[PDB]
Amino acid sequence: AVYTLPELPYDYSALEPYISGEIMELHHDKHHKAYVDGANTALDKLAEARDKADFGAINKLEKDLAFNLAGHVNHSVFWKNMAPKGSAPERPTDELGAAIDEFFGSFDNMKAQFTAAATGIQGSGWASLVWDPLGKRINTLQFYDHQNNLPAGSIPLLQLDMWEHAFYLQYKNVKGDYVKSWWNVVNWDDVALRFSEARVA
């Protein structure tokens, strides 16, 4: 297949007590899998459309592709953006640390803005720290669903899933507690790597 479901870089319960293993299992094995299957299906139907010269469902297929592929991209980044507490730095350092200071003033300012963007979403969405190639800077974006409210070319550095399935079983309606806990498992090494590769294509 074109798209494949990546394995978690750690055990399902490795992020506890911050993120329950029950959520990690359903989230990865069920939800992420659906997006991979959906993205592959969209490509197959588009191929069939070209073959038969029948583009009647083009609007449906283009949304299916965007929604599912965006879901696949977002979650693939999401898994790697996390690591068990103690297995990675508690704060960004070196180049990444300096860059965050440059575009946000301080790490605390970045956290406050990222958190506000995460908890204020009206509907399903993502809080995202991205590299803007046309501006050469790091900005925060608030995705709607998976594929809305973002410029083309945006390179994801750090992302937080704010869809209810990502926190409801453990935190219920208190999304704030979820975000506070989540900061404890952010793998700053992964973010730093993405940054190094992002600012150069």
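Start at 1 and count along the sequence shown; that's the residue number.
Peer 1: Taking only the CA atoms, which stretch has the higher mean B-factor in the record, 27-35 or 144-152?
Peer 2: Result: 27-35.
Peer 1: Report the stretch with the higher mean CA temperature factor, choosing between 80-88 and 127-135 on the basis of the entry.
Peer 2: Comparing 80-88 with 127-135, the higher average CA B-factor belongs to 80-88.
Peer 1: Select one of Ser106, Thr115, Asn74, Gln122: the residue whose C-alpha shows the highest B-factor in the crystal structure entry.
Peer 2: It is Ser106.
Peer 1: Which of these has the highest Cα B-factor in the record: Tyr18, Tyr12, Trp183, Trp188?
Peer 2: Highest CA B-factor of the listed options: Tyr12.
Peer 1: What third of the chain does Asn173 rank in for C-alpha temperature factor, lowest, middle or highest?
Peer 2: Highest third - that is where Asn173 ends up once the chain's C-alpha B-factors are sorted.
Peer 1: Among the chain's modelled residues, which third holds the C-alpha B-factor of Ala47?
Peer 2: Tercile = middle for this residue's CA B-factor.
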